[PDB]
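Peer 1: The structure file start-v6.cif (mmCIF, C-alpha atoms and all ligand atoms) is provided below.
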```cif
data_input
loop_
_atom_site.group_PDB
_atom_site.id
_atom_site.type_symbol
_atom_site.label_atom_id
_atom_site.label_comp_id
_atom_site.auth_asym_id
_atom_site.auth_seq_id
_atom_site.Cartn_x
_atom_site.Cartn_y
_atom_site.Cartn_z
ATOM 1 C CA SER I 1 122.144 71.415 68.083
ATOM 2 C CA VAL I 2 120.414 74.785 68.876
ATOM 3 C CA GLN I 3 117.076 75.068 67.022
ATOM 4 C CA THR I 4 114.996 78.187 66.593
ATOM 5 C CA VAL I 5 111.317 77.554 67.182
ATOM 6 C CA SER I 6 108.892 80.126 65.813
ATOM 7 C CA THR I 7 106.053 80.446 68.296
ATOM 8 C CA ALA I 8 102.969 82.638 68.387
ATOM 9 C CA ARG I 9 104.792 84.693 71.070
ATOM 10 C CA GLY I 10 108.012 85.035 68.989
ATOM 11 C CA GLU I 11 111.130 83.062 68.236
ATOM 12 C CA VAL I 12 112.779 81.001 70.983
ATOM 13 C CA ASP I 13 115.951 78.964 70.757
ATOM 14 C CA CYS I 14 116.241 75.587 72.374
ATOM 15 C CA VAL I 15 118.090 72.289 72.388
ATOM 16 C CA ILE I 16 116.051 69.141 72.183
ATOM 17 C CA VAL I 17 117.798 66.131 73.721
ATOM 18 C CA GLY I 18 117.010 62.649 75.054
ATOM 19 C CA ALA I 19 113.924 60.433 74.835
ATOM 20 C CA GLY I 20 111.115 59.818 77.284
ATOM 21 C CA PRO I 21 108.642 62.042 79.121
ATOM 22 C CA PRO I 22 109.435 65.656 78.336
ATOM 23 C CA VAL I 23 110.811 68.260 80.719
ATOM 24 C CA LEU I 24 111.195 71.955 80.076
ATOM 25 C CA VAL I 25 114.568 72.954 81.642
ATOM 26 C CA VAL I 26 114.859 76.631 82.601
ATOM 27 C CA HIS I 27 118.249 78.214 83.293
ATOM 28 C CA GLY I 28 119.210 80.883 85.793
ATOM 29 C CA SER I 29 120.672 84.358 85.662
ATOM 30 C CA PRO I 30 122.795 84.580 83.615
ATOM 31 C CA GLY I 31 122.617 81.315 81.706
ATOM 32 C CA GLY I 32 121.634 79.865 78.403
ATOM 33 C CA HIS I 33 121.344 76.501 76.755
ATOM 34 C CA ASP I 34 124.852 75.524 77.902
ATOM 35 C CA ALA I 35 123.824 75.844 81.557
ATOM 36 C CA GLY I 36 120.498 74.225 80.778
ATOM 37 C CA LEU I 37 122.076 71.210 79.141
ATOM 38 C CA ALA I 38 124.357 70.743 82.136
ATOM 39 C CA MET I 39 121.273 70.913 84.398
ATOM 40 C CA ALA I 40 119.492 68.388 82.102
ATOM 41 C CA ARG I 41 122.131 65.661 81.881
ATOM 42 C CA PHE I 42 120.775 63.660 84.815
ATOM 43 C CA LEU I 43 117.290 63.679 83.202
ATOM 44 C CA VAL I 44 118.533 62.330 79.896
ATOM 45 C CA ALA I 45 120.361 59.614 81.794
ATOM 46 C CA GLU I 46 117.120 58.761 83.634
ATOM 47 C CA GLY I 47 115.195 58.261 80.373
ATOM 48 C CA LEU I 48 113.455 61.640 80.066
ATOM 49 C CA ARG I 49 113.677 64.120 77.189
ATOM 50 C CA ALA I 50 114.676 67.725 77.818
ATOM 51 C CA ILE I 51 113.569 70.922 76.126
ATOM 52 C CA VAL I 52 116.351 73.340 77.132
ATOM 53 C CA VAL I 53 115.532 76.958 76.321
ATOM 54 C CA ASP I 54 117.566 80.089 75.940
ATOM 55 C CA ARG I 55 115.408 82.595 77.845
ATOM 56 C CA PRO I 56 114.789 85.958 76.186
ATOM 57 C CA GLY I 57 117.911 88.083 76.014
ATOM 58 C CA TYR I 58 120.238 85.122 76.173
ATOM 59 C CA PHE I 59 122.103 83.936 73.107
ATOM 60 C CA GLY I 60 119.678 83.697 70.170
ATOM 61 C CA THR I 61 116.322 84.257 71.886
ATOM 62 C CA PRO I 62 115.331 87.856 71.387
ATOM 63 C CA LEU I 63 114.319 89.856 74.436
ATOM 64 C CA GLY I 64 111.110 90.783 72.616
ATOM 65 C CA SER I 65 109.899 87.184 72.850
ATOM 66 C CA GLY I 66 109.216 87.857 76.549
ATOM 67 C CA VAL I 67 110.481 90.478 78.968
ATOM 68 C CA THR I 68 108.494 89.817 82.152
ATOM 69 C CA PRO I 69 108.389 86.510 84.044
ATOM 70 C CA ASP I 70 104.731 86.250 82.989
ATOM 71 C CA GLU I 71 105.610 86.876 79.328
ATOM 72 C CA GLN I 72 108.370 84.237 79.523
ATOM 73 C CA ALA I 73 105.790 81.759 80.896
ATOM 74 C CA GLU I 74 103.549 82.721 77.939
ATOM 75 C CA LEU I 75 106.453 81.978 75.622
ATOM 76 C CA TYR I 76 107.009 78.565 77.139
ATOM 77 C CA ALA I 77 103.325 77.641 76.648
ATOM 78 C CA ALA I 78 103.583 78.940 73.085
ATOM 79 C CA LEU I 79 106.713 76.816 72.632
ATOM 80 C CA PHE I 80 104.759 73.731 73.839
ATOM 81 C CA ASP I 81 102.054 74.653 71.287
ATOM 82 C CA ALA I 82 104.756 74.891 68.583
ATOM 83 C CA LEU I 83 105.995 71.395 69.529
ATOM 84 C CA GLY I 84 102.448 69.983 69.526
ATOM 85 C CA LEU I 85 102.897 69.246 73.215
ATOM 86 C CA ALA I 86 99.997 69.171 75.728
ATOM 87 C CA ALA I 87 102.114 69.348 78.880
ATOM 88 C CA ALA I 88 105.566 68.771 80.305
ATOM 89 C CA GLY I 89 107.514 68.521 83.465
ATOM 90 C CA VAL I 90 109.413 71.637 84.480
ATOM 91 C CA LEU I 91 112.909 71.834 86.057
ATOM 92 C CA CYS I 92 114.096 75.279 87.091
ATOM 93 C CA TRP I 93 117.001 76.682 89.080
ATOM 94 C CA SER I 94 117.798 80.116 90.504
ATOM 95 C CA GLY I 95 116.721 82.932 88.126
ATOM 96 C CA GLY I 96 114.682 80.360 86.159
ATOM 97 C CA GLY I 97 112.199 80.370 89.038
ATOM 98 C CA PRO I 98 110.030 83.304 88.266
ATOM 99 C CA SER I 99 109.018 82.399 84.721
ATOM 100 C CA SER I 100 108.646 78.702 85.718
ATOM 101 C CA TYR I 101 106.444 79.562 88.703
ATOM 102 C CA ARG I 102 104.325 81.776 86.433
ATOM 103 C CA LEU I 103 103.911 78.919 83.938
ATOM 104 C CA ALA I 104 102.772 76.570 86.715
ATOM 105 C CA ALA I 105 100.477 79.262 88.233
ATOM 106 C CA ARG I 106 98.778 80.559 85.117
ATOM 107 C CA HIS I 107 99.075 77.554 82.773
ATOM 108 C CA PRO I 108 98.524 74.653 85.228
ATOM 109 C CA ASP I 109 97.186 72.351 82.498
ATOM 110 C CA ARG I 110 100.617 72.575 80.759
ATOM 111 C CA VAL I 111 102.749 71.575 83.782
ATOM 112 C CA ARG I 112 102.822 67.860 84.795
ATOM 113 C CA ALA I 113 105.219 68.372 87.726
ATOM 114 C CA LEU I 114 107.624 71.024 88.982
ATOM 115 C CA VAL I 115 111.144 70.654 90.379
ATOM 116 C CA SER I 116 112.330 73.992 91.674
ATOM 117 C CA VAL I 117 115.967 74.188 92.769
ATOM 118 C CA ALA I 118 117.087 77.189 94.874
ATOM 119 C CA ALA I 119 114.694 79.301 92.825
ATOM 120 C CA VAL I 120 113.753 82.917 93.039
ATOM 121 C CA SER I 121 110.142 82.831 94.312
ATOM 122 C CA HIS I 122 109.501 86.478 95.184
ATOM 123 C CA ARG I 123 111.044 89.920 94.730
ATOM 124 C CA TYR I 124 114.844 89.715 94.674
ATOM 125 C CA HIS I 125 117.588 92.354 94.680
ATOM 126 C CA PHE I 126 120.999 91.633 93.151
ATOM 127 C CA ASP I 127 124.036 92.841 95.089
ATOM 128 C CA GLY I 128 126.364 94.147 92.413
ATOM 129 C CA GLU I 129 129.911 93.023 91.902
ATOM 130 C CA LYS I 130 132.968 95.128 92.657
ATOM 131 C CA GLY I 131 136.633 95.059 91.707
ATOM 132 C CA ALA I 132 138.067 91.878 90.269
ATOM 133 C CA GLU I 133 134.844 89.858 90.568
ATOM 134 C CA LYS I 134 133.094 92.504 88.471
ATOM 135 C CA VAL I 135 135.657 92.284 85.677
ATOM 136 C CA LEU I 136 135.693 88.514 85.856
ATOM 137 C CA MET I 137 131.904 88.130 85.638
ATOM 138 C CA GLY I 138 131.081 91.242 83.570
ATOM 139 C CA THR I 139 133.601 91.398 80.688
ATOM 140 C CA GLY I 140 134.690 89.402 77.619
ATOM 141 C CA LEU I 141 138.209 89.240 79.121
ATOM 142 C CA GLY I 142 136.655 87.725 82.257
ATOM 143 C CA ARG I 143 134.735 85.233 80.108
ATOM 144 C CA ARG I 144 137.980 84.147 78.352
ATOM 145 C CA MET I 145 139.757 83.732 81.712
ATOM 146 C CA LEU I 146 136.952 81.511 83.034
ATOM 147 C CA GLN I 147 137.140 79.405 79.854
ATOM 148 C CA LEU I 148 140.901 79.003 80.237
ATOM 149 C CA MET I 149 140.523 78.117 83.912
ATOM 150 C CA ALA I 150 137.868 75.515 83.114
ATOM 151 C CA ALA I 151 140.092 73.992 80.438
ATOM 152 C CA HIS I 152 143.397 74.157 82.214
ATOM 153 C CA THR I 153 143.035 74.743 85.994
ATOM 154 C CA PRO I 154 139.744 73.037 86.675
ATOM 155 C CA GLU I 155 140.306 72.380 90.418
ATOM 156 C CA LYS I 156 141.010 76.067 91.010
ATOM 157 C CA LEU I 157 137.807 76.984 89.182
ATOM 158 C CA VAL I 158 135.757 74.386 91.123
ATOM 159 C CA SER I 159 137.146 75.760 94.415
ATOM 160 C CA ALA I 160 136.382 79.363 93.488
ATOM 161 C CA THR I 161 132.851 78.443 92.451
ATOM 162 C CA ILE I 162 132.018 76.398 95.612
ATOM 163 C CA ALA I 163 133.322 79.253 97.780
ATOM 164 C CA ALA I 164 131.374 81.889 95.850
ATOM 165 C CA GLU I 165 128.101 79.957 95.938
ATOM 166 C CA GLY I 166 127.951 79.103 99.628
ATOM 167 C CA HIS I 167 128.631 80.251 103.175
ATOM 168 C CA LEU I 168 130.901 77.268 103.882
ATOM 169 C CA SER I 169 134.096 77.342 105.928
ATOM 170 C CA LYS I 170 137.411 77.061 104.047
ATOM 171 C CA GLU I 171 137.664 73.507 105.371
ATOM 172 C CA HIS I 172 134.184 72.521 104.159
ATOM 173 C CA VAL I 173 134.739 74.145 100.733
ATOM 174 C CA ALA I 174 137.894 71.952 100.424
ATOM 175 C CA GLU I 175 135.932 68.841 101.414
ATOM 176 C CA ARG I 176 133.303 69.616 98.740
ATOM 177 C CA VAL I 177 135.980 70.334 96.142
ATOM 178 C CA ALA I 178 137.676 66.940 96.763
ATOM 179 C CA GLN I 179 134.304 65.186 96.317
ATOM 180 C CA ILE I 180 133.745 66.988 93.044
ATOM 181 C CA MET I 181 137.242 66.211 91.724
ATOM 182 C CA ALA I 182 136.469 62.529 92.452
ATOM 183 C CA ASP I 183 133.229 62.473 90.430
ATOM 184 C CA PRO I 184 133.620 63.403 86.751
ATOM 185 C CA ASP I 185 129.914 64.349 86.399
ATOM 186 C CA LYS I 186 130.111 66.758 89.293
ATOM 187 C CA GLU I 187 133.356 68.264 87.977
ATOM 188 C CA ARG I 188 131.956 68.742 84.498
ATOM 189 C CA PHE I 189 128.729 70.284 85.834
ATOM 190 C CA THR I 190 130.609 72.724 88.037
ATOM 191 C CA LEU I 191 132.990 73.884 85.297
ATOM 192 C CA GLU I 192 130.163 74.396 82.807
ATOM 193 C CA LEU I 193 128.082 76.432 85.262
ATOM 194 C CA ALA I 194 131.124 78.484 86.369
ATOM 195 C CA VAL I 195 131.735 79.640 82.795
ATOM 196 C CA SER I 196 128.015 80.389 82.276
ATOM 197 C CA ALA I 197 128.005 82.710 85.309
ATOM 198 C CA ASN I 198 129.703 85.448 83.323
ATOM 199 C CA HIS I 199 127.006 87.793 82.014
ATOM 200 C CA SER I 200 128.952 89.666 79.324
ATOM 201 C CA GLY I 201 128.382 89.648 75.579
ATOM 202 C CA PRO I 202 125.443 87.496 74.503
ATOM 203 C CA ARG I 203 124.223 86.991 78.026
ATOM 204 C CA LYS I 204 124.070 90.700 78.882
ATOM 205 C CA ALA I 205 120.568 91.639 77.624
ATOM 206 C CA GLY I 206 118.870 88.816 79.422
ATOM 207 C CA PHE I 207 120.882 89.244 82.605
ATOM 208 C CA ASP I 208 120.130 92.998 82.886
ATOM 209 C CA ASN I 209 116.481 92.267 82.098
ATOM 210 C CA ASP I 210 116.299 89.558 84.807
ATOM 211 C CA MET I 211 117.891 91.861 87.409
ATOM 212 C CA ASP I 212 115.437 94.587 86.566
ATOM 213 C CA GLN I 213 112.398 92.304 86.526
ATOM 214 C CA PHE I 214 113.216 90.381 89.700
ATOM 215 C CA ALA I 215 113.495 93.682 91.590
ATOM 216 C CA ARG I 216 109.951 94.516 90.437
ATOM 217 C CA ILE I 217 108.102 91.286 91.314
ATOM 218 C CA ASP I 218 104.801 92.013 93.084
ATOM 219 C CA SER I 219 103.669 88.418 93.584
ATOM 220 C CA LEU I 220 104.251 85.335 91.444
ATOM 221 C CA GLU I 221 101.096 83.736 92.963
ATOM 222 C CA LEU I 222 102.671 80.410 93.834
ATOM 223 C CA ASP I 223 99.573 79.547 95.872
ATOM 224 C CA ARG I 224 97.767 78.980 92.553
ATOM 225 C CA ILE I 225 100.104 76.060 91.691
ATOM 226 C CA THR I 226 98.535 72.593 91.726
ATOM 227 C CA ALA I 227 101.358 70.606 90.150
ATOM 228 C CA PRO I 228 103.189 68.014 92.231
ATOM 229 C CA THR I 229 106.228 70.012 93.317
ATOM 230 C CA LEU I 230 109.650 69.299 94.751
ATOM 231 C CA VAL I 231 111.528 72.310 96.161
ATOM 232 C CA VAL I 232 115.286 71.790 96.828
ATOM 233 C CA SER I 233 117.488 74.032 98.974
ATOM 234 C CA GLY I 234 121.099 73.816 100.109
ATOM 235 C CA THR I 235 121.329 75.188 103.628
ATOM 236 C CA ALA I 236 124.553 77.113 102.941
ATOM 237 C CA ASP I 237 123.327 78.742 99.682
ATOM 238 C CA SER I 238 124.654 82.310 99.524
ATOM 239 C CA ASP I 239 123.181 83.068 96.091
ATOM 240 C CA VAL I 240 119.435 82.371 96.533
ATOM 241 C CA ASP I 241 118.613 82.379 100.219
ATOM 242 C CA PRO I 242 116.996 79.212 101.624
ATOM 243 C CA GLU I 243 114.042 81.442 102.682
ATOM 244 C CA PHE I 244 113.004 81.604 99.029
ATOM 245 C CA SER I 245 112.519 77.845 99.047
ATOM 246 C CA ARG I 246 110.729 77.699 102.447
ATOM 247 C CA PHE I 247 108.394 80.401 101.171
ATOM 248 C CA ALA I 248 107.764 78.509 97.925
ATOM 249 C CA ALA I 249 107.023 75.247 99.746
ATOM 250 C CA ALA I 250 104.637 77.079 102.105
ATOM 251 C CA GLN I 251 102.723 78.511 99.149
ATOM 252 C CA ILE I 252 102.435 75.371 97.005
ATOM 253 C CA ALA I 253 99.948 73.001 98.569
ATOM 254 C CA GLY I 254 101.187 69.396 98.723
ATOM 255 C CA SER I 255 104.788 70.404 97.867
ATOM 256 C CA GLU I 256 107.796 68.666 99.309
ATOM 257 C CA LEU I 257 110.838 70.593 100.573
ATOM 258 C CA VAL I 258 114.252 68.905 100.632
ATOM 259 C CA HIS I 259 117.182 70.496 102.464
ATOM 260 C CA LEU I 260 120.782 69.563 101.680
ATOM 261 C CA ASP I 261 122.818 70.334 104.786
ATOM 262 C CA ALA I 262 125.894 72.467 104.014
ATOM 263 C CA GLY I 263 124.754 72.683 100.386
ATOM 264 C CA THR I 264 125.831 75.576 98.159
ATOM 265 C CA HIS I 265 123.762 77.000 95.290
ATOM 266 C CA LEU I 266 124.929 73.964 93.201
ATOM 267 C CA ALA I 267 123.924 71.376 95.835
ATOM 268 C CA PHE I 268 121.229 69.532 93.830
ATOM 269 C CA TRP I 269 124.019 68.482 91.410
ATOM 270 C CA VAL I 270 127.175 68.464 93.513
ATOM 271 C CA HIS I 271 126.246 67.803 97.199
ATOM 272 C CA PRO I 272 127.373 64.361 98.437
ATOM 273 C CA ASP I 273 123.782 63.354 99.332
ATOM 274 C CA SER I 274 122.204 64.793 96.151
ATOM 275 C CA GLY I 275 121.953 61.549 94.175
ATOM 276 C CA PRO I 276 118.705 60.461 95.829
ATOM 277 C CA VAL I 277 117.227 63.916 95.318
ATOM 278 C CA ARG I 278 117.980 63.860 91.563
ATOM 279 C CA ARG I 279 116.466 60.330 91.353
ATOM 280 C CA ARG I 280 113.341 61.601 93.153
ATOM 281 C CA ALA I 281 113.185 64.644 90.863
ATOM 282 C CA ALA I 282 113.347 62.390 87.810
ATOM 283 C CA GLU I 283 110.625 60.117 89.109
ATOM 284 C CA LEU I 284 108.403 63.079 89.823
ATOM 285 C CA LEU I 285 109.056 64.527 86.345
ATOM 286 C CA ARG I 286 108.159 61.220 84.648
ATOM 287 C CA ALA I 287 104.616 61.990 85.993
ATOM 288 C CA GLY I 288 103.382 58.433 85.409
ATOM 289 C CA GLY I 289 105.495 57.986 82.217
HETATM 290 CL CL CL D 301 127.063 71.766 97.593
HETATM 291 NA NA NA D 302 131.551 81.834 100.525
#
```
I'd like the structure from this file rewritten - as structure tokens, please.
Peer 2:
Amino acid sequence: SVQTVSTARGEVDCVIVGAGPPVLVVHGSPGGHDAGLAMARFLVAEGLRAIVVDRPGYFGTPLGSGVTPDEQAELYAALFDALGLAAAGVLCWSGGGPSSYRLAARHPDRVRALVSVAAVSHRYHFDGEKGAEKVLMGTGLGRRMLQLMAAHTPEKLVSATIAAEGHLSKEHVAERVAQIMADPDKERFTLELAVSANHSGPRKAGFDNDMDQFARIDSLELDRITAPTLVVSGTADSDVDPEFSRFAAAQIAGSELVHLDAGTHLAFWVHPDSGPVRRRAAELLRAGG
């Protein structure tokens, strides 16, 4: 299902799925179209169509198609041109923030609505990984272990992921895990995103590029954004601090900020009160369609 689209800004890979008002779905760091499709499932179910990119440096999209957040925004607009598309909704999460914010800021005519989930909204510095976590997230061996865990010990993987992505107590992690193991969509989402967190191999170029670029952000100029905007933050997110979302909402006039109490970085998909937020996101992204 991956298609290469030749744009005026270079080649970009994407997966085109669903039917309805279109939404550009922008993965985090690391990520790729696997993460993006997992992010997009609720949209397809709500009767929207998703355009799920591989950002430059991930899988088949060459880094040269856009290194900076601003160049990645330029690529997305060039992708819309290559699809004959005037404008689309935008759904971003985490490291998908900067390029999505730039698209909304500098190409406002191309963005119908913005849903920004725990998104990097200003300069950000990655804390490296040490010891076992480093091997697990940084190597092909680590990648294979995550794949085996997802296939064969899914509850253990879900637990590890919820703990890594939040500041929750042991007891609250276990409560979240039991919820997820009772909802097949939540389980599937979590397992897919856990595997995509490993930045080795074909995710390495894009991941290293994102870490370098996010550390160099001057301003993304979110105050320029005029799209109707929903910003979503889990209060226990240990990956992208809630302050990034409060900042973003304060910059974007008319934006709405939704907090998910005791939510991890995955809250918008896995928090027990997230269903209404996804429904609201979908309605916003339909943008009168
Ligand atoms: Cl959560
Ligand atoms: Na934790």
Peer 1: Which residues fall under the PyMOL selection byres (((chain I and resi 163-172) around 8) and not hetatm) in this file, as a PyMOL selection string?
Peer 2: chain I and resi 159-162+173-176+236-239+262-266
Peer 1: Quick one: pull the distance between atom CA of residue I:228 and atom CA of residue I:186, Å, one decimal.
Peer 2: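 Those two atoms sit 27.1 Å apart.
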Peer 1: Just the number, please: distance in Å from atom CA of residue I:9 to atom CA of residue I:62, one decimal.
Peer 2: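 Distance between the two atoms: 11.0 Å.
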Peer 1: Quick one, how far is atom CA of residue I:142 from atom CA of residue I:157?
Peer 2: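 According to the coordinates, atom CA of residue I:142 and atom CA of residue I:157 are separated by 12.8 Å.
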Peer 1: Evaluating the PyMOL selection byres (((chain I and resi 65) around 7) and not hetatm) on the displayed file yields which residues, as a PyMOL selection string?
Peer 2: chain I and resi 9-11+56+62-64+66-67+75
Peer 1: Counting all atoms listed in the file, which residues of stretch 147-250 of chain I sit at most 9 Å from some atom of stretch 97-102 of chain I, and what is each one's closest atom pair with its distance in Å to one decimal, listed by chain and rising residue number, as JSON lines?
Peer 2:
```
{"residue": "I:214", "atom": "CA", "partner": "I:98", "partner_atom": "CA", "distance": 7.9}
{"residue": "I:217", "atom": "CA", "partner": "I:98", "partner_atom": "CA", "distance": 8.8}
{"residue": "I:220", "atom": "CA", "partner": "I:102", "partner_atom": "CA", "distance": 6.1}
{"residue": "I:221", "atom": "CA", "partner": "I:102", "partner_atom": "CA", "distance": 7.5}
{"residue": "I:222", "atom": "CA", "partner": "I:101", "partner_atom": "CA", "distance": 6.4}
{"residue": "I:225", "atom": "CA", "partner": "I:101", "partner_atom": "CA", "distance": 7.8}
```
Peer 1: Keeping C-alpha atoms, export the residues of the selection given above as a compact mmCIF listing (two decimals), in the frame of the given file.
Peer 2:
```
# COMPACT_ATOMS: atom_id res chain seq x y z
CA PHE I 214 113.22 90.38 89.70
CA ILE I 217 108.10 91.29 91.31
CA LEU I 220 104.25 85.34 91.44
CA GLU I 221 101.10 83.74 92.96
CA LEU I 222 102.67 80.41 93.83
CA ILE I 225 100.10 76.06 91.69
```
Peer 1: Identify which of the residues I:190, I:121, I:229, I:213 lies closest to residue I:69, counting all atoms listed in the file when measuring atom-to-atom distances.
Peer 2: I:213
Peer 1: From the set I:50, I:72, I:93, I:253, which residue has the shortest atom-to-atom contact distance to residue I:209, counting all atoms listed in the file?
Peer 2: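 Using all atoms listed in the file, the shortest distance to residue I:209 belongs to I:72.
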Peer 1: Around all listed atoms of stretch 162-176 of chain I, padded 4 Å per side, what centre and edge lengths does the axis-aligned box have in Å to one decimal, as lines of an AutoDock Vina configuration file?
Peer 2:
```
center_x = 132.9
center_y = 75.4
center_z = 100.8
size_x = 17.9
size_y = 21.0
size_z = 18.3
```
Peer 1: Starting from the PyMOL selection byres (((chain I and resi 91) around 6) and not hetatm), expand the selection into actual residues of this file and give them as a list in words.
Peer 2: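 So the PyMOL selection byres (((chain I and resi 91) around 6) and not hetatm) ends up selecting residues 25, 90, 92 and 115 of chain I.
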Peer 1: Can you tell me which residues surround residue I:189 at a distance of at most 10 Å, considering only C-alpha atoms, apart from same-chain residues fewer than 2 positions away, and format the answer as a PyMOL selection string?
Peer 2: chain I and resi 35+37-39+41+158+180+184-187+191-194+266+269-270
Peer 1: Of the candidates I:153, I:139, I:196, I:274, which shows the shortest atom-to-atom distance to ligand CL 301 (chain D), using only C-alpha atoms and all ligand atoms?
Peer 2: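 Closest residue, counting only C-alpha atoms and all ligand atoms: I:274.
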Peer 1: Need the shell around residue I:49: protein/DNA/RNA residues with any atom at most 12 Å away, counting all atoms listed in the file. Skip same-chain ones fewer than 2 positions apart. Format as an MDAnalysis selection string?
Peer 2: chainID I and resid 15:25 37 40:47 51:52 88:91 282 285:286 289
Peer 1: Those residues you just picked out, can you put them in a file as an mmCIF file, in the frame of the given file with C-alpha atoms?
Peer 2:
```cif
data_model
loop_
_atom_site.group_PDB
_atom_site.id
_atom_site.type_symbol
_atom_site.label_atom_id
_atom_site.label_comp_id
_atom_site.auth_asym_id
_atom_site.auth_seq_id
_atom_site.Cartn_x
_atom_site.Cartn_y
_atom_site.Cartn_z
ATOM 1 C CA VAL I 15 118.090 72.289 72.388
ATOM 2 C CA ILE I 16 116.051 69.141 72.183
ATOM 3 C CA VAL I 17 117.798 66.131 73.721
ATOM 4 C CA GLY I 18 117.010 62.649 75.054
ATOM 5 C CA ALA I 19 113.924 60.433 74.835
ATOM 6 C CA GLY I 20 111.115 59.818 77.284
ATOM 7 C CA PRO I 21 108.642 62.042 79.121
ATOM 8 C CA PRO I 22 109.435 65.656 78.336
ATOM 9 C CA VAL I 23 110.811 68.260 80.719
ATOM 10 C CA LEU I 24 111.195 71.955 80.076
ATOM 11 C CA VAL I 25 114.568 72.954 81.642
ATOM 12 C CA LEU I 37 122.076 71.210 79.141
ATOM 13 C CA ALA I 40 119.492 68.388 82.102
ATOM 14 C CA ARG I 41 122.131 65.661 81.881
ATOM 15 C CA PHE I 42 120.775 63.660 84.815
ATOM 16 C CA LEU I 43 117.290 63.679 83.202
ATOM 17 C CA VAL I 44 118.533 62.330 79.896
ATOM 18 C CA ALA I 45 120.361 59.614 81.794
ATOM 19 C CA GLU I 46 117.120 58.761 83.634
ATOM 20 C CA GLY I 47 115.195 58.261 80.373
ATOM 21 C CA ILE I 51 113.569 70.922 76.126
ATOM 22 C CA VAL I 52 116.351 73.340 77.132
ATOM 23 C CA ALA I 88 105.566 68.771 80.305
ATOM 24 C CA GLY I 89 107.514 68.521 83.465
ATOM 25 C CA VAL I 90 109.413 71.637 84.480
ATOM 26 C CA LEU I 91 112.909 71.834 86.057
ATOM 27 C CA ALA I 282 113.347 62.390 87.810
ATOM 28 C CA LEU I 285 109.056 64.527 86.345
ATOM 29 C CA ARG I 286 108.159 61.220 84.648
ATOM 30 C CA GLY I 289 105.495 57.986 82.217
#
```
